[PDB]
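To be precise, the following lines are target.cif, and they hold mmCIF, N, CA, C and O atoms.
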data_final
loop_
_atom_site.label_atom_id
_atom_site.label_comp_id
_atom_site.auth_asym_id
_atom_site.auth_seq_id
_atom_site.Cartn_x
_atom_site.Cartn_y
_atom_site.Cartn_z
N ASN I 1 -11.78 134.19 91.73
CA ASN I 1 -10.72 133.46 91.03
C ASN I 1 -10.52 133.94 89.59
O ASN I 1 -10.02 133.18 88.75
N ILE I 2 -10.89 135.19 89.31
CA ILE I 2 -10.78 135.72 87.96
C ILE I 2 -9.33 135.70 87.47
O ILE I 2 -9.05 135.53 86.27
N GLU I 3 -8.39 135.85 88.39
CA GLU I 3 -6.98 135.87 88.02
C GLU I 3 -6.56 134.52 87.47
O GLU I 3 -5.77 134.44 86.54
N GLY I 4 -7.10 133.46 88.07
CA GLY I 4 -6.80 132.11 87.61
C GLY I 4 -7.26 131.88 86.19
O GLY I 4 -6.58 131.22 85.40
N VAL I 5 -8.43 132.42 85.85
CA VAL I 5 -8.90 132.29 84.47
C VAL I 5 -7.90 132.95 83.53
O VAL I 5 -7.53 132.39 82.49
N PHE I 6 -7.46 134.15 83.89
CA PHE I 6 -6.50 134.87 83.06
C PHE I 6 -5.20 134.09 82.90
O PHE I 6 -4.67 133.99 81.79
N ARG I 7 -4.68 133.57 84.01
CA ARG I 7 -3.38 132.92 83.97
C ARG I 7 -3.42 131.59 83.24
O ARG I 7 -2.43 131.18 82.64
N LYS I 8 -4.56 130.92 83.27
CA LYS I 8 -4.74 129.71 82.49
C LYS I 8 -4.85 130.03 80.99
O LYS I 8 -4.30 129.31 80.14
N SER I 9 -5.55 131.11 80.66
CA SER I 9 -5.91 131.38 79.28
C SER I 9 -4.84 132.08 78.47
O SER I 9 -4.78 131.94 77.25
N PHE I 10 -3.99 132.83 79.15
CA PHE I 10 -3.02 133.68 78.46
C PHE I 10 -1.62 133.53 79.05
O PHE I 10 -1.08 134.48 79.62
N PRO I 11 -1.03 132.33 78.93
CA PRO I 11 0.28 132.11 79.55
C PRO I 11 1.37 132.97 78.92
O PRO I 11 2.39 133.21 79.57
N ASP I 12 1.16 133.45 77.69
CA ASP I 12 2.14 134.36 77.08
C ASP I 12 2.16 135.70 77.81
O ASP I 12 3.14 136.45 77.70
N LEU I 13 1.10 135.99 78.57
CA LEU I 13 0.99 137.26 79.29
C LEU I 13 1.28 137.09 80.79
O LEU I 13 0.81 137.88 81.62
N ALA I 14 2.07 136.07 81.13
CA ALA I 14 2.35 135.73 82.53
C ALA I 14 3.09 136.84 83.29
O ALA I 14 3.09 136.85 84.52
N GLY I 15 3.72 137.76 82.56
CA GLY I 15 4.36 138.89 83.21
C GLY I 15 3.49 140.13 83.32
O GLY I 15 3.90 141.14 83.91
N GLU I 16 2.30 140.07 82.72
CA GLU I 16 1.38 141.20 82.76
C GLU I 16 0.59 141.24 84.06
O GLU I 16 0.03 140.24 84.47
N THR I 17 0.54 142.40 84.70
CA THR I 17 -0.36 142.56 85.83
C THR I 17 -1.79 142.69 85.34
O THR I 17 -2.07 143.24 84.27
N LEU I 18 -2.72 142.15 86.13
CA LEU I 18 -4.12 142.26 85.81
C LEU I 18 -4.64 143.51 86.50
O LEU I 18 -4.78 143.55 87.73
N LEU I 19 -4.89 144.55 85.72
CA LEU I 19 -5.29 145.84 86.28
C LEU I 19 -6.76 145.89 86.62
O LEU I 19 -7.15 146.49 87.62
N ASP I 20 -7.58 145.26 85.78
CA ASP I 20 -9.02 145.28 85.99
C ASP I 20 -9.67 144.18 85.17
O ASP I 20 -9.05 143.62 84.26
N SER I 21 -10.91 143.86 85.51
CA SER I 21 -11.65 142.88 84.73
C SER I 21 -13.13 143.18 84.83
O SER I 21 -13.60 143.77 85.80
N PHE I 22 -13.86 142.75 83.80
CA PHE I 22 -15.27 143.09 83.65
C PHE I 22 -16.07 141.95 83.05
O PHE I 22 -15.62 141.28 82.12
N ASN I 23 -17.27 141.74 83.58
CA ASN I 23 -18.21 140.83 82.95
C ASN I 23 -18.77 141.44 81.67
O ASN I 23 -19.19 142.61 81.68
N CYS I 24 -18.79 140.67 80.60
CA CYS I 24 -19.38 141.11 79.34
C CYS I 24 -19.51 139.91 78.42
O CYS I 24 -19.20 138.79 78.80
N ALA I 25 -19.99 140.14 77.21
CA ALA I 25 -20.09 139.07 76.25
C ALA I 25 -19.45 139.52 74.96
O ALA I 25 -19.51 140.69 74.58
N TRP I 26 -18.84 138.57 74.29
CA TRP I 26 -18.26 138.79 72.97
C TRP I 26 -19.31 138.38 71.95
O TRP I 26 -19.86 137.27 72.02
N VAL I 27 -19.65 139.27 71.02
CA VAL I 27 -20.63 138.92 70.02
C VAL I 27 -19.98 138.99 68.65
O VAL I 27 -19.27 139.95 68.33
N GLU I 28 -20.21 137.95 67.86
CA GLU I 28 -19.73 137.93 66.48
C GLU I 28 -20.85 137.37 65.63
O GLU I 28 -21.16 136.18 65.70
N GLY I 29 -21.45 138.24 64.83
CA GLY I 29 -22.65 137.90 64.11
C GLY I 29 -23.73 137.41 65.06
O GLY I 29 -24.11 138.13 65.99
N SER I 30 -24.20 136.19 64.85
CA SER I 30 -25.30 135.66 65.64
C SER I 30 -24.83 134.89 66.86
O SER I 30 -25.65 134.37 67.63
N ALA I 31 -23.52 134.81 67.06
CA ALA I 31 -22.96 134.08 68.19
C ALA I 31 -22.63 135.01 69.36
O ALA I 31 -22.00 136.05 69.17
N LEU I 32 -23.07 134.63 70.56
CA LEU I 32 -22.73 135.38 71.77
C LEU I 32 -22.03 134.46 72.76
O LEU I 32 -22.50 133.33 73.02
N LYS I 33 -20.93 134.95 73.32
CA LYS I 33 -20.19 134.23 74.35
C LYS I 33 -20.00 135.07 75.60
O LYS I 33 -19.26 136.06 75.58
N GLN I 34 -20.67 134.68 76.69
CA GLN I 34 -20.46 135.35 77.97
C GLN I 34 -19.06 135.08 78.49
O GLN I 34 -18.56 133.96 78.37
N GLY I 35 -18.40 136.09 79.04
CA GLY I 35 -17.06 135.88 79.55
C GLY I 35 -16.52 137.07 80.31
O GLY I 35 -17.28 137.82 80.93
N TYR I 36 -15.20 137.21 80.26
CA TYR I 36 -14.51 138.23 81.03
C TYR I 36 -13.60 139.03 80.14
O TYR I 36 -12.82 138.47 79.37
N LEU I 37 -13.70 140.34 80.28
CA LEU I 37 -12.76 141.28 79.68
C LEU I 37 -11.64 141.53 80.68
O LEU I 37 -11.92 141.84 81.84
N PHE I 38 -10.40 141.36 80.25
CA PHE I 38 -9.23 141.62 81.09
C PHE I 38 -8.43 142.80 80.58
O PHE I 38 -8.15 142.90 79.39
N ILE I 39 -8.04 143.69 81.49
CA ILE I 39 -7.23 144.84 81.14
C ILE I 39 -5.87 144.72 81.82
O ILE I 39 -5.79 144.58 83.04
N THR I 40 -4.82 144.71 81.01
CA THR I 40 -3.46 144.67 81.52
C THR I 40 -2.74 145.91 80.98
O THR I 40 -3.33 146.68 80.21
N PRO I 41 -1.49 146.13 81.39
CA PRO I 41 -0.87 147.36 80.88
C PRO I 41 -0.68 147.39 79.35
O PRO I 41 -0.74 148.47 78.77
N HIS I 42 -0.51 146.23 78.72
CA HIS I 42 -0.26 146.20 77.27
C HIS I 42 -1.35 145.53 76.45
O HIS I 42 -1.34 145.65 75.22
N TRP I 43 -2.28 144.83 77.11
CA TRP I 43 -3.23 143.97 76.40
C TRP I 43 -4.67 144.12 76.84
O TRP I 43 -4.98 144.33 78.01
N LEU I 44 -5.52 143.99 75.85
CA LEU I 44 -6.95 143.86 76.05
C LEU I 44 -7.31 142.43 75.71
O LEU I 44 -7.10 141.99 74.59
N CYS I 45 -7.85 141.70 76.69
CA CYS I 45 -8.11 140.27 76.49
C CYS I 45 -9.53 139.90 76.85
O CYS I 45 -10.16 140.55 77.68
N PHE I 46 -10.01 138.83 76.24
CA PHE I 46 -11.32 138.29 76.58
C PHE I 46 -11.24 136.78 76.64
O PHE I 46 -10.65 136.17 75.75
N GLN I 47 -11.83 136.18 77.67
CA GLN I 47 -12.00 134.73 77.73
C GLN I 47 -13.46 134.38 77.99
O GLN I 47 -14.07 134.90 78.92
N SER I 48 -14.01 133.48 77.18
CA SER I 48 -15.36 132.96 77.40
C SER I 48 -15.41 132.14 78.68
O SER I 48 -14.50 131.37 78.98
N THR I 49 -16.49 132.32 79.43
CA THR I 49 -16.68 131.61 80.69
C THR I 49 -16.82 130.12 80.48
O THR I 49 -16.23 129.31 81.21
N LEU I 50 -17.61 129.74 79.48
CA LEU I 50 -17.96 128.33 79.32
C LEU I 50 -17.61 127.78 77.94
O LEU I 50 -18.15 126.76 77.51
N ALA I 51 -16.69 128.45 77.26
CA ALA I 51 -16.25 128.01 75.94
C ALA I 51 -14.78 128.35 75.74
O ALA I 51 -14.20 129.10 76.52
N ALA I 52 -14.19 127.79 74.69
CA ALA I 52 -12.78 128.03 74.39
C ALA I 52 -12.48 129.44 73.89
O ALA I 52 -11.37 129.94 74.10
N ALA I 53 -13.46 130.05 73.23
CA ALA I 53 -13.28 131.31 72.52
C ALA I 53 -12.63 132.38 73.38
O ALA I 53 -13.05 132.64 74.51
N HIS I 54 -11.58 132.98 72.84
CA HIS I 54 -10.85 134.03 73.54
C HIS I 54 -10.07 134.86 72.55
O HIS I 54 -9.81 134.43 71.43
N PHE I 55 -9.68 136.06 72.96
CA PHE I 55 -8.78 136.85 72.13
C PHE I 55 -7.87 137.69 73.01
O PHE I 55 -8.15 137.90 74.18
N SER I 56 -6.77 138.15 72.42
CA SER I 56 -5.94 139.16 73.08
C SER I 56 -5.43 140.09 72.02
O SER I 56 -4.99 139.65 70.95
N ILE I 57 -5.50 141.39 72.30
CA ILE I 57 -5.05 142.39 71.35
C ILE I 57 -4.23 143.43 72.09
O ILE I 57 -4.58 143.85 73.19
N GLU I 58 -3.09 143.80 71.52
CA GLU I 58 -2.24 144.80 72.15
C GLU I 58 -2.86 146.18 71.94
O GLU I 58 -3.46 146.43 70.91
N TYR I 59 -2.72 147.09 72.91
CA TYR I 59 -3.26 148.43 72.69
C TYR I 59 -2.66 149.09 71.45
O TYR I 59 -3.33 149.91 70.81
N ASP I 60 -1.43 148.72 71.07
CA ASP I 60 -0.84 149.35 69.90
C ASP I 60 -1.39 148.76 68.59
O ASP I 60 -1.01 149.19 67.50
N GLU I 61 -2.33 147.83 68.72
CA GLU I 61 -3.05 147.25 67.58
C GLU I 61 -4.47 147.83 67.45
O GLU I 61 -5.18 147.53 66.50
N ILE I 62 -4.86 148.64 68.43
CA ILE I 62 -6.23 149.17 68.49
C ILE I 62 -6.28 150.56 67.87
O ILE I 62 -5.56 151.46 68.30
N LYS I 63 -7.13 150.72 66.87
CA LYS I 63 -7.27 152.00 66.17
C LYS I 63 -8.28 152.93 66.83
O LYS I 63 -8.10 154.15 66.85
N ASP I 64 -9.36 152.35 67.36
CA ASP I 64 -10.43 153.16 67.96
C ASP I 64 -11.24 152.30 68.90
O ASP I 64 -11.29 151.09 68.77
N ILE I 65 -11.87 152.95 69.88
CA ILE I 65 -12.74 152.29 70.84
C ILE I 65 -13.97 153.17 70.98
O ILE I 65 -13.86 154.35 71.32
N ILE I 66 -15.14 152.60 70.69
CA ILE I 66 -16.39 153.35 70.66
C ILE I 66 -17.36 152.85 71.73
O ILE I 66 -17.53 151.64 71.88
N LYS I 67 -17.95 153.77 72.49
CA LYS I 67 -18.97 153.42 73.47
C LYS I 67 -20.30 153.49 72.73
O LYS I 67 -20.89 154.56 72.60
N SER I 68 -20.75 152.34 72.23
CA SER I 68 -21.85 152.27 71.26
C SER I 68 -23.12 152.99 71.70
O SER I 68 -23.57 152.85 72.84
N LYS I 69 -23.69 153.76 70.79
CA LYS I 69 -24.97 154.39 71.04
C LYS I 69 -26.06 153.35 71.21
O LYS I 69 -26.04 152.29 70.59
N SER I 70 -27.02 153.66 72.06
CA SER I 70 -28.09 152.74 72.38
C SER I 70 -29.27 153.47 72.95
O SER I 70 -29.11 154.38 73.76
N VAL I 71 -30.47 153.09 72.53
CA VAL I 71 -31.65 153.53 73.25
C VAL I 71 -32.37 152.32 73.84
O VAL I 71 -33.56 152.38 74.14
N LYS I 72 -31.64 151.23 74.01
CA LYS I 72 -32.22 150.00 74.55
C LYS I 72 -31.76 149.77 75.99
O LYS I 72 -30.61 150.02 76.34
N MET I 73 -32.68 149.30 76.81
CA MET I 73 -32.45 149.24 78.24
C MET I 73 -31.30 148.31 78.63
O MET I 73 -30.48 148.63 79.50
N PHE I 74 -31.24 147.16 77.97
CA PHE I 74 -30.30 146.13 78.41
C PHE I 74 -29.21 145.85 77.40
O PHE I 74 -28.56 144.81 77.46
N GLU I 75 -29.00 146.76 76.46
CA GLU I 75 -27.87 146.69 75.57
C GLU I 75 -26.84 147.74 75.99
O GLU I 75 -27.17 148.93 76.10
N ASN I 76 -25.62 147.29 76.25
CA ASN I 76 -24.53 148.11 76.75
C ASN I 76 -23.25 147.62 76.12
O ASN I 76 -22.59 146.74 76.68
N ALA I 77 -22.91 148.16 74.95
CA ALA I 77 -21.82 147.61 74.15
C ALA I 77 -20.65 148.57 73.96
O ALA I 77 -20.80 149.78 74.05
N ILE I 78 -19.50 147.97 73.70
CA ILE I 78 -18.28 148.68 73.34
C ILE I 78 -17.76 148.05 72.06
O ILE I 78 -17.74 146.82 71.92
N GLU I 79 -17.33 148.88 71.12
CA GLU I 79 -16.78 148.38 69.87
C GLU I 79 -15.31 148.72 69.77
O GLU I 79 -14.91 149.87 69.97
N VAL I 80 -14.50 147.71 69.46
CA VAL I 80 -13.06 147.89 69.33
C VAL I 80 -12.65 147.70 67.88
O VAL I 80 -12.90 146.65 67.30
N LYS I 81 -12.06 148.74 67.30
CA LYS I 81 -11.62 148.69 65.91
C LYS I 81 -10.12 148.52 65.87
O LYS I 81 -9.39 149.25 66.54
N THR I 82 -9.65 147.57 65.07
CA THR I 82 -8.21 147.34 64.99
C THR I 82 -7.58 148.06 63.80
O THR I 82 -8.27 148.52 62.89
N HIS I 83 -6.25 148.15 63.81
CA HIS I 83 -5.54 148.79 62.72
C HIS I 83 -5.61 147.95 61.45
O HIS I 83 -5.35 148.45 60.35
N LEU I 84 -5.96 146.68 61.60
CA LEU I 84 -6.14 145.80 60.45
C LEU I 84 -7.60 145.81 60.00
O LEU I 84 -8.03 144.94 59.24
N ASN I 85 -8.33 146.81 60.47
CA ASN I 85 -9.75 147.01 60.16
C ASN I 85 -10.67 145.86 60.56
O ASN I 85 -11.67 145.60 59.89
N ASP I 86 -10.34 145.18 61.65
CA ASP I 86 -11.28 144.25 62.25
C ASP I 86 -12.11 145.01 63.29
O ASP I 86 -11.66 146.02 63.83
N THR I 87 -13.33 144.55 63.54
CA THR I 87 -14.12 145.13 64.61
C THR I 87 -14.53 144.06 65.61
O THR I 87 -15.07 143.02 65.24
N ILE I 88 -14.25 144.32 66.88
CA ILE I 88 -14.62 143.41 67.97
C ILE I 88 -15.79 144.02 68.72
O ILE I 88 -15.73 145.18 69.14
N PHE I 89 -16.86 143.25 68.87
CA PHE I 89 -18.06 143.71 69.56
C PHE I 89 -18.16 143.09 70.95
O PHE I 89 -18.24 141.87 71.08
N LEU I 90 -18.14 143.94 71.98
CA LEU I 90 -18.32 143.48 73.36
C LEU I 90 -19.61 144.06 73.90
O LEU I 90 -19.86 145.26 73.80
N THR I 91 -20.46 143.21 74.46
CA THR I 91 -21.82 143.60 74.85
C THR I 91 -22.15 143.13 76.26
O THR I 91 -21.34 142.49 76.92
N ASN I 92 -23.37 143.43 76.73
CA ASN I 92 -23.86 142.94 78.01
C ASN I 92 -22.95 143.30 79.18
O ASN I 92 -22.78 142.52 80.12
N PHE I 93 -22.35 144.49 79.13
CA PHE I 93 -21.55 144.95 80.27
C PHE I 93 -22.45 145.23 81.46
O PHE I 93 -23.52 145.82 81.29
N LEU I 94 -22.01 144.85 82.65
CA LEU I 94 -22.67 145.28 83.88
C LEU I 94 -22.18 146.67 84.30
O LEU I 94 -22.92 147.45 84.90
N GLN I 95 -20.92 146.96 83.96
CA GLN I 95 -20.31 148.23 84.32
C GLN I 95 -19.62 148.84 83.10
O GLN I 95 -18.40 148.98 83.08
N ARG I 96 -20.40 149.19 82.09
CA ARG I 96 -19.80 149.63 80.83
C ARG I 96 -19.00 150.91 80.95
O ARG I 96 -17.92 151.02 80.38
N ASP I 97 -19.52 151.88 81.68
CA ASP I 97 -18.81 153.15 81.84
C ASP I 97 -17.45 152.91 82.50
O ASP I 97 -16.44 153.46 82.06
N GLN I 98 -17.44 152.09 83.54
CA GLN I 98 -16.19 151.78 84.23
C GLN I 98 -15.25 151.03 83.31
O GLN I 98 -14.05 151.30 83.30
N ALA I 99 -15.79 150.08 82.54
CA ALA I 99 -14.97 149.30 81.60
C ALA I 99 -14.35 150.23 80.57
O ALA I 99 -13.17 150.13 80.25
N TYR I 100 -15.18 151.12 80.03
CA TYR I 100 -14.71 152.02 78.98
C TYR I 100 -13.63 152.94 79.53
O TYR I 100 -12.61 153.17 78.89
N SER I 101 -13.84 153.44 80.75
CA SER I 101 -12.84 154.29 81.38
C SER I 101 -11.53 153.56 81.60
O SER I 101 -10.45 154.11 81.37
N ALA I 102 -11.62 152.30 82.03
CA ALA I 102 -10.41 151.52 82.28
C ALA I 102 -9.67 151.25 80.96
O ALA I 102 -8.44 151.33 80.91
N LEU I 103 -10.43 150.98 79.90
CA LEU I 103 -9.85 150.83 78.56
C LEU I 103 -9.14 152.10 78.11
O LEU I 103 -7.99 152.03 77.68
N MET I 104 -9.81 153.24 78.21
CA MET I 104 -9.21 154.52 77.82
C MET I 104 -7.89 154.75 78.53
O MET I 104 -6.93 155.20 77.93
N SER I 105 -7.86 154.45 79.82
CA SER I 105 -6.68 154.74 80.63
C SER I 105 -5.45 154.01 80.10
O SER I 105 -4.35 154.56 80.12
N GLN I 106 -5.64 152.79 79.62
CA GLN I 106 -4.49 152.04 79.12
C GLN I 106 -4.22 152.32 77.66
O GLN I 106 -3.07 152.41 77.24
N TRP I 107 -5.29 152.45 76.87
CA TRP I 107 -5.13 152.70 75.45
C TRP I 107 -4.53 154.08 75.18
O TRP I 107 -3.66 154.22 74.33
N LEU I 108 -5.01 155.09 75.91
CA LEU I 108 -4.52 156.45 75.71
C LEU I 108 -3.19 156.71 76.44
O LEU I 108 -2.60 157.78 76.29
N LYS I 109 -2.75 155.72 77.22
CA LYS I 109 -1.47 155.77 77.93
C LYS I 109 -1.39 156.96 78.89
O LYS I 109 -0.46 157.75 78.83
#
Could you express the structure from this file as structure tokens?
Amino acid sequence: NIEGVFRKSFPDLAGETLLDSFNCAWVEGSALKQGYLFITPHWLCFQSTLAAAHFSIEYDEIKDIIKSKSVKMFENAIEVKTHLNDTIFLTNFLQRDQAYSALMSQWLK
């Protein structure tokens, strides 16, 4: 029912097809929120599984996407840098390589 989460959380994106989705967590400082990364043709979105916290960012707002270096077994993060110089930290991916590839495909057009 991942589509239902998307359609409830992002009604402004009701015309967007859901191309892919990934389990991960949004981390901001000391706060971690487990949730879902959604990839649509124009938007990168996240909704927390058990909390209100969510975001949506257009690919034309994204300056860079980094597959974070790690020598730790269970850390698997992606960093999203915006043109407004914000940084979004996504962690705890089960399929980080696949997520990163799916991101590249839409961001690089």
- Task: Write out as an NGL selection string which residues come within 6 Å of residue 88 of chain I when counting all atoms listed in the file, dropping same-chain ones fewer than 3 positions away.
- Result: :I and (27 or 78-82)
- Query: What does the distance from atom N of residue 6 of chain I to atom N of residue 39 of chain I come to in Å, to one decimal?
  - Reply: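 Going from atom N of residue 6 of chain I over to atom N of residue 39 of chain I, I get 9.9 Å.
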- Task: Extract the full set of strand (DSSP E or B) residues from segment 53-90 of chain I according to DSSP on the backbone, and format it as a list in words.
- Result: residues 54, 55, 56, 57, 58, 62, 63, 64, 65, 66, 67, 78, 79, 80, 81, 82, 87, 88, 89 and 90 of chain I
- Nearest to residue 35 of chain I: which of I:106, I:92, I:68, I:17 is it, counting only C-alpha atoms?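 Among the listed residues, I:92 lies closest to residue 35 of chain I.
Ranking I:105, I:98, I:30, I:9 by their shortest atom-to-atom distance to residue 52 of chain I, with only N, CA, C and O atoms included, puts I:9 first.
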